[PDB]
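One chain comes next, on its own, written out as structure tokens in the form deposited in one PDB entry.
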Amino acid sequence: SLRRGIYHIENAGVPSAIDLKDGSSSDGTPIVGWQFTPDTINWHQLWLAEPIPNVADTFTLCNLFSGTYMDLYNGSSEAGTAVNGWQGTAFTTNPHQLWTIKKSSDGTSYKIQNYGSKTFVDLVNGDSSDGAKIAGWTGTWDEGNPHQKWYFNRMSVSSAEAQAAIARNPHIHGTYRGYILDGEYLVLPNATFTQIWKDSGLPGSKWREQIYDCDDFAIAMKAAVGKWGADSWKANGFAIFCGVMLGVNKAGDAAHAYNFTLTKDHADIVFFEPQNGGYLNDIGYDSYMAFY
């Protein structure tokens, strides 16, 4: 079963993503196929899948930027029916906004079925051009048709996944304790993480004994990423990944405070030095505490 999380949803036949046109929160905004850039934030193309209680393999899909929901227009089972963004809520009973999402016969991509109509999300004619219609269409679960097949490229981690990545790192102190603050996190490309750092003012901050020293830099970076998250996205129910760590050197006589992020494959952490914007696989300290 697809796990709760944020996804970039890519057609299996052509490299078009499911895109809420212009990110608009207006009701009836078309959802279309559009090209994308890997290892970026694709601002109009991220979707938060919320599982519905007690209803197997069925979800709402909330666009991260707009806060509005994937909606089959008037629930029609007619082939060609518009799929649009529309106001709703995460656990709605409106079948127009409920989607059963299960693996296709290729075992890798998924099909996306409206719970009311039993029709499928379809990139009409497999058209790869920017702005191509997506519609609800007749189909079957088992058929090959790539117009109706979608890769769910996972862009978030659960808190358990983040904890795993930390735990496999080789620079963790024997006394380490982690303090988990949220449940599901958008993982930033480093290019975005860096942009947040630049825009925070931290690049120009001077180190000062106690009054603006390593701990201040690290906390400020975290606060900046938290502020970015709220100011950037209208959906709720997720956080942005950015940790703080305290660590001690091998000799045991010096401590440091710094940040960390996750690799692209989500399997490992990478340390960030907020005093200079550097990413490091080894910062010279073993973490004894983290919060994220």
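Each form is matched to the other, and the largest set of C-alpha atoms that superpose within 1.5 Å is called the rigid core. A residue's number is simply how far along the shown sequence it sits, counting from 1.
We do not show the form deposited in another entry, though everything after this point is about it.
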Listing 213, 130, 182, 143 as candidates, which single one shows a C-alpha movement of 2 Å or greater between this form and the one not shown when the core is held fixed? 182
Please state whether residue 252 has a C-alpha shift of 2 Å or more between this form and the one not shown, with the rigid core used for the fit. yes
If you line up the core, does residue 82 shift 2 angstroms or more at its C-alpha between this form and the one not shown? no
Aligned on the rigid core, do the two forms place the Cα of residue 154 2 Å or more apart, comparing between this form and the one not shown? no
Checking the C-alpha spacing of residue 181 and residue 52, a student should find that in that other deposited form it changes by 3 angstroms or more, with the atoms closer
Residue 182 and residue 256: do their C-alpha atoms lie closer or farther in that other deposited form than in the form you see, with a change of 3 Å or more? farther
